[PDB]
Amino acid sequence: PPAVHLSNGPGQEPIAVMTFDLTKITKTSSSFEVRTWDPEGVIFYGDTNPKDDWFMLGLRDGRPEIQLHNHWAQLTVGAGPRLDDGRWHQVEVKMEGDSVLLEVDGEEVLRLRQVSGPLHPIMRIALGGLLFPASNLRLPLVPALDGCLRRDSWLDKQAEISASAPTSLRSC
């Protein structure tokens, strides 16, 4: 299937930004396959507020890292196996009650409990980069992730209000 490149050029901004109507979402999960040799970068960022309520999933030292900041919880966590072996890996990020679950190749590798109150009119999902400077993360990293993404599904497509790509979505 058609794989896209997770970072154009110098990796300063996301390849794509989706905007979702929060009252319309009935699917609170995302899933995709990624392939990379890059140990560090952003895979995707999500927010309901860029100052207040945000999430990032990336790689640090080859392994998944989640940063989360909202009314309930503020955290920086690494978990799961290294993904930076150049092989395709399946990833799923799900909200299940008040938890956020991370699954890798079908196996749960992480569960952040007591982090989310009820699913802030709009949620944005940014692929390959953040919607704020990396310096404002809890723990900065260099956002550019040189890898591929394919078979991706972001929340509930029925609730997507719009999608923007700043430049050209490149092939992998």
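The numbering used is simple: start at 1 and walk along the sequence shown. Note that the rigid core is defined as the largest set of C-alphas that superpose within 1.5 Å between two forms.
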Fill in the blank from the handout: Higher Cα RMS in 7 other deposited structures of this protein relative to the shown form (core alignment), 110 to 118 or 65 to 73, goes to 110 to 118
Fill in the blank from the handout: Residues of the deposited chain absent from the coordinates between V142 and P143 total none
Handout entry: Stretch with the higher entry mean CA B-factor, where the candidates are 132 to 140 and 108 to 116
Key = 132 to 140
Fill in the blank from the handout: The stretch carrying the higher mean Cα B factor in the deposited entry, 70 to 78 or 88 to 96, is 88 to 96
Practice task
Sorting the chain's modelled residues by C-alpha B-factor, tell me whether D52 ends up in the lowest, middle or highest third.
Solution key: highest
Fill in the blank from the handout: So, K27's CA B-factor, relative to its chain, sits in which third? The highest
Practice task
Comparing against every modelled residue in the chain, figure out the third that the C-alpha B-factor of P39 lands in (lowest, middle or highest).
Solution key: middle
